[PDB]
Amino acid sequence: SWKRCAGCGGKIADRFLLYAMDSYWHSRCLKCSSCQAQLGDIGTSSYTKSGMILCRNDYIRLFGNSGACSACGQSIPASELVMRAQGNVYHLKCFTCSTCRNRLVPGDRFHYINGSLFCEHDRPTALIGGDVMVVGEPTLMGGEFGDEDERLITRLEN
Ligand SMILES: [Zn+2]
Ligand SMILES: [Zn+2]
Ligand SMILES: [Zn+2]
Ligand SMILES: [Zn+2]
């Protein structure tokens, strides 16, 4: 007897199919609730939460830890890369020298005084803060997240 698809209720006669969430699927029937991507082709897993079945990217977007830019105040989505300094997060284009306005990039030396950033050549001696810091590589805003909602997809031959 063929298996029935959890997405459409039809018998699955296809040579290749999917298993995920304890169910069988026509690959075309296992789709992201948000973006309609065919989960079994785009990646190796789905996420279940709040009645939805999501791709990784939409799971991050909808449920990942968003932040806010200390410079401009505006929210940052979990998917965006950010610069970090002194426990704050910044949009890449917000991560600038307060004096000359140069954008700071990984490996740069810089100074931080009360939320103000200064490049190596604008050490704010009058304000001084004297600690030289090194700009780190950007990281994702949402950071690492657990896999509690992740459900791997298995590609099967019938
Ligand atoms: Zn189906
Ligand atoms: Zn999606
Ligand atoms: Zn910003
Ligand atoms: Zn500068």
# chains A, B, ... in the order shown; residues from 1 in each chain; ligands from 1
$ residues_around --residues "range 120-123 of chain A" --least-positions-apart "2" --cutoff "9 Å" --atoms "only C-alpha atoms" --output "PyMOL selection string"
chain A and resi 97-100+108-111+118+125-130+132
$ residues_near_ligand --ligand "ligand 1" --cutoff "8 Å" --atoms "only C-alpha atoms and all ligand atoms" --output "PyMOL selection string"
chain A and resi 4-12+25-30
$ residues_near_ligand --ligand "ligand 2" --cutoff "12 Å" --atoms "only C-alpha atoms and all ligand atoms" --output "PyMOL selection string"
chain A and resi 30-40+42-43+45-48+52-62
$ write_last_selection --atoms "N, CA and C atoms" --output "mmCIF file, in the first residue's frame"
data_model
loop_
_atom_site.group_PDB
_atom_site.id
_atom_site.type_symbol
_atom_site.label_atom_id
_atom_site.label_comp_id
_atom_site.auth_asym_id
_atom_site.auth_seq_id
_atom_site.Cartn_x
_atom_site.Cartn_y
_atom_site.Cartn_z
ATOM 1 N N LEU A 30 5.497 19.569 0.888
ATOM 2 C CA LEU A 30 6.148 20.001 2.143
ATOM 3 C C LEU A 30 6.808 21.355 1.897
ATOM 4 N N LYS A 31 6.088 22.405 2.275
ATOM 5 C CA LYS A 31 6.423 23.751 1.925
ATOM 6 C C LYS A 31 6.443 24.651 3.150
ATOM 7 N N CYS A 32 7.297 25.656 3.115
ATOM 8 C CA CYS A 32 7.364 26.637 4.201
ATOM 9 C C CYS A 32 6.069 27.408 4.277
ATOM 10 N N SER A 33 5.483 27.526 5.480
ATOM 11 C CA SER A 33 4.223 28.283 5.612
ATOM 12 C C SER A 33 4.384 29.738 5.171
ATOM 13 N N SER A 34 5.547 30.334 5.390
ATOM 14 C CA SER A 34 5.758 31.756 5.129
ATOM 15 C C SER A 34 6.120 32.021 3.668
ATOM 16 N N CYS A 35 7.108 31.280 3.145
ATOM 17 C CA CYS A 35 7.682 31.634 1.809
ATOM 18 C C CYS A 35 7.362 30.614 0.722
ATOM 19 N N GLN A 36 6.685 29.509 1.091
ATOM 20 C CA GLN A 36 6.314 28.430 0.180
ATOM 21 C C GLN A 36 7.511 27.645 -0.446
ATOM 22 N N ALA A 37 8.707 27.821 0.108
ATOM 23 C CA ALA A 37 9.885 27.044 -0.405
ATOM 24 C C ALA A 37 9.625 25.557 -0.211
ATOM 25 N N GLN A 38 10.130 24.752 -1.161
ATOM 26 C CA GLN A 38 10.031 23.306 -1.076
ATOM 27 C C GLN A 38 11.146 22.817 -0.146
ATOM 28 N N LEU A 39 10.768 22.571 1.117
ATOM 29 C CA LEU A 39 11.730 22.333 2.191
ATOM 30 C C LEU A 39 12.731 21.203 1.907
ATOM 31 N N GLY A 40 12.276 20.125 1.281
ATOM 32 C CA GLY A 40 13.128 18.977 1.031
ATOM 33 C C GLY A 40 14.212 19.202 0.010
ATOM 34 N N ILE A 42 15.426 22.715 -0.567
ATOM 35 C CA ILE A 42 16.226 23.853 -0.171
ATOM 36 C C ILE A 42 17.228 23.580 0.918
ATOM 37 N N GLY A 43 16.928 22.611 1.804
ATOM 38 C CA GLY A 43 17.763 22.302 2.940
ATOM 39 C C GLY A 43 17.453 20.936 3.512
ATOM 40 N N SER A 45 16.184 20.371 6.758
ATOM 41 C CA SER A 45 15.292 20.298 7.890
ATOM 42 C C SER A 45 14.169 21.323 7.768
ATOM 43 N N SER A 46 13.151 21.100 8.572
ATOM 44 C CA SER A 46 12.045 22.017 8.767
ATOM 45 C C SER A 46 12.011 22.438 10.264
ATOM 46 N N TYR A 47 11.243 23.485 10.565
ATOM 47 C CA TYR A 47 11.024 23.912 11.959
ATOM 48 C C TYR A 47 9.538 23.971 12.199
ATOM 49 N N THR A 48 9.079 23.419 13.327
ATOM 50 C CA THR A 48 7.671 23.469 13.696
ATOM 51 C C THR A 48 7.460 24.391 14.883
ATOM 52 N N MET A 52 2.875 26.406 12.488
ATOM 53 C CA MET A 52 3.568 26.603 11.180
ATOM 54 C C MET A 52 4.661 25.542 10.925
ATOM 55 N N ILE A 53 4.971 25.316 9.652
ATOM 56 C CA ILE A 53 6.114 24.518 9.277
ATOM 57 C C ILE A 53 6.980 25.456 8.456
ATOM 58 N N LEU A 54 8.190 25.721 8.933
ATOM 59 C CA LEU A 54 9.035 26.807 8.417
ATOM 60 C C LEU A 54 10.413 26.328 7.911
ATOM 61 N N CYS A 55 10.902 27.024 6.885
ATOM 62 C CA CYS A 55 12.332 26.933 6.519
ATOM 63 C C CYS A 55 13.156 27.582 7.601
ATOM 64 N N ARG A 56 14.453 27.278 7.589
ATOM 65 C CA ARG A 56 15.366 27.856 8.566
ATOM 66 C C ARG A 56 15.297 29.382 8.587
ATOM 67 N N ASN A 57 15.350 29.983 7.409
ATOM 68 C CA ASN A 57 15.417 31.450 7.307
ATOM 69 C C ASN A 57 14.154 32.107 7.902
ATOM 70 N N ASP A 58 12.979 31.546 7.618
ATOM 71 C CA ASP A 58 11.742 32.132 8.197
ATOM 72 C C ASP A 58 11.565 31.815 9.680
ATOM 73 N N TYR A 59 12.111 30.691 10.128
ATOM 74 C CA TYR A 59 12.067 30.377 11.531
ATOM 75 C C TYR A 59 12.911 31.415 12.287
ATOM 76 N N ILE A 60 14.121 31.665 11.802
ATOM 77 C CA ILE A 60 15.000 32.704 12.390
ATOM 78 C C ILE A 60 14.285 34.053 12.384
ATOM 79 N N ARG A 61 13.698 34.412 11.253
ATOM 80 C CA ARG A 61 13.099 35.739 11.075
ATOM 81 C C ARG A 61 11.938 35.927 12.032
ATOM 82 N N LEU A 62 11.094 34.902 12.157
ATOM 83 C CA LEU A 62 9.873 35.012 12.959
ATOM 84 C C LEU A 62 10.096 34.775 14.452
#
$ select_by_dssp --residues "range 14-154 of chain A" --states "helix (DSSP H, G or I)" --output "compact mmCIF listing (two decimals) with C-alpha atoms, in the first residue's frame"
# COMPACT_ATOMS: atom_id res chain seq x y z
CA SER A 27 8.23 16.77 -1.95
CA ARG A 28 5.99 19.47 -3.58
CA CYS A 29 3.60 19.27 -0.58
CA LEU A 39 11.73 22.33 2.19
CA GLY A 40 13.13 18.98 1.03
CA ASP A 41 15.08 20.64 -1.81
CA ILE A 42 16.23 23.85 -0.17
CA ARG A 56 15.37 27.86 8.57
CA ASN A 57 15.42 31.45 7.31
CA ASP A 58 11.74 32.13 8.20
CA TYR A 59 12.07 30.38 11.53
CA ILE A 60 15.00 32.70 12.39
CA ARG A 61 13.10 35.74 11.07
CA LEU A 62 9.87 35.01 12.96
CA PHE A 63 11.27 33.50 16.16
CA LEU A 92 27.67 47.53 9.90
CA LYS A 93 27.18 50.97 8.36
CA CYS A 94 26.51 52.41 11.84
CA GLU A 120 42.99 54.64 15.89
CA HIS A 121 43.96 58.03 14.41
CA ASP A 122 41.23 59.93 16.28
$ residues_around --residues "residue 15 in chain A" --least-positions-apart "5" --cutoff "9 Å" --atoms "only C-alpha atoms" --output "ChimeraX atom specification"
/A:156-158
$ write_last_selection --atoms "N, CA and C atoms" --output "short mmCIF file (atom, residue, chain, number, x, y, z; two decimals), in the first residue's frame"
data_model
loop_
_atom_site.label_atom_id
_atom_site.label_comp_id
_atom_site.auth_asym_id
_atom_site.auth_seq_id
_atom_site.Cartn_x
_atom_site.Cartn_y
_atom_site.Cartn_z
N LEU A 156 13.70 9.94 0.61
CA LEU A 156 13.49 8.50 0.39
C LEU A 156 13.23 8.15 -1.08
N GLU A 157 13.70 6.97 -1.48
CA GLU A 157 13.22 6.32 -2.69
C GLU A 157 12.17 5.30 -2.36
N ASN A 158 11.12 5.27 -3.16
CA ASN A 158 9.88 4.55 -2.89
C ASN A 158 10.09 3.08 -3.18
#
$ closest_residue --among "A:67, A:81, A:103, A:49" --to "residue 147 in chain A" --atoms "only C-alpha atoms"
A:49
$ residues_near_ligand --ligand "ligand 3" --cutoff "9 Å" --atoms "only C-alpha atoms and all ligand atoms" --output "list in words"
residues 68, 69, 70, 71, 72, 73, 74, 75, 76, 89, 90, 91, 92, 93, 94 and 95 of chain A
$ closest_residue --among "A:51, A:83, A:137, A:88" --to "residue 107 in chain A" --atoms "only C-alpha atoms"
A:137
$ closest_residue --among "A:64, A:124, A:87, A:106" --to "residue 136 in chain A" --atoms "only C-alpha atoms"
A:106
$ closest_residue --among "A:153, A:77, A:104, A:82" --to "ligand 4" --atoms "only C-alpha atoms and all ligand atoms"
A:104
$ closest_residue --among "A:139, A:148, A:102, A:113" --to "ligand 4" --atoms "only C-alpha atoms and all ligand atoms"
A:102
$ atom_distance --atom1 "CA of residue 14 in chain A" --atom2 "CA of residue 152 in chain A"
20.4 Å
$ atom_distance --atom1 "CA of residue 17 in chain A" --atom2 "CA of residue 154 in chain A"
8.6 Å
$ closest_residue --among "A:24, A:79, A:50, A:1" --to "residue 142 in chain A" --atoms "only C-alpha atoms"
A:79
$ select_by_dssp --residues "range 52-145 of chain A" --states "strand (DSSP E or B)" --output "MDAnalysis selection string"
chainID A and resid 52:54 67:68 75:76 81:85 88:90 96 103 109:113 116:119 133:134 139:140
$ write_last_selection --atoms "C-alpha atoms" --output "PDB file, in the first residue's frame"
ATOM      1  CA  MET A  52       3.568  26.603  11.180  1.00  0.00           C
ATOM      2  CA  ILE A  53       6.114  24.518   9.277  1.00  0.00           C
ATOM      3  CA  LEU A  54       9.035  26.807   8.417  1.00  0.00           C
ATOM      4  CA  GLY A  67      18.183  43.221  18.420  1.00  0.00           C
ATOM      5  CA  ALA A  68      18.497  46.977  18.135  1.00  0.00           C
ATOM      6  CA  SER A  75      15.669  47.215  15.227  1.00  0.00           C
ATOM      7  CA  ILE A  76      18.013  44.667  13.661  1.00  0.00           C
ATOM      8  CA  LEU A  81      25.266  40.572  10.522  1.00  0.00           C
ATOM      9  CA  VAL A  82      26.192  43.065  13.234  1.00  0.00           C
ATOM     10  CA  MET A  83      29.249  44.616  14.782  1.00  0.00           C
ATOM     11  CA  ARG A  84      29.578  44.347  18.543  1.00  0.00           C
ATOM     12  CA  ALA A  85      31.289  46.676  20.981  1.00  0.00           C
ATOM     13  CA  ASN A  88      26.143  46.777  22.235  1.00  0.00           C
ATOM     14  CA  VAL A  89      25.272  45.783  18.687  1.00  0.00           C
ATOM     15  CA  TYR A  90      25.470  47.987  15.590  1.00  0.00           C
ATOM     16  CA  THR A  96      31.742  54.420  12.579  1.00  0.00           C
ATOM     17  CA  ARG A 103      33.444  52.872   8.938  1.00  0.00           C
ATOM     18  CA  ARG A 109      42.110  49.498  16.307  1.00  0.00           C
ATOM     19  CA  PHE A 110      39.520  51.714  18.027  1.00  0.00           C
ATOM     20  CA  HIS A 111      38.464  53.477  21.169  1.00  0.00           C
ATOM     21  CA  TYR A 112      35.140  53.491  22.963  1.00  0.00           C
ATOM     22  CA  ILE A 113      34.145  56.231  25.410  1.00  0.00           C
ATOM     23  CA  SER A 116      31.189  57.008  21.220  1.00  0.00           C
ATOM     24  CA  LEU A 117      33.536  55.162  18.841  1.00  0.00           C
ATOM     25  CA  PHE A 118      36.844  56.611  17.606  1.00  0.00           C
ATOM     26  CA  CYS A 119      39.315  55.185  15.092  1.00  0.00           C
ATOM     27  CA  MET A 133      40.368  47.709  21.132  1.00  0.00           C
ATOM     28  CA  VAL A 134      40.353  45.512  18.012  1.00  0.00           C
ATOM     29  CA  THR A 139      28.242  37.966  13.720  1.00  0.00           C
ATOM     30  CA  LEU A 140      24.577  37.212  13.237  1.00  0.00           C
TER      31      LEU A 140
END
$ atom_distance --atom1 "CA of residue 149 in chain A" --atom2 "CA of residue 3 in chain A"
24.9 Å
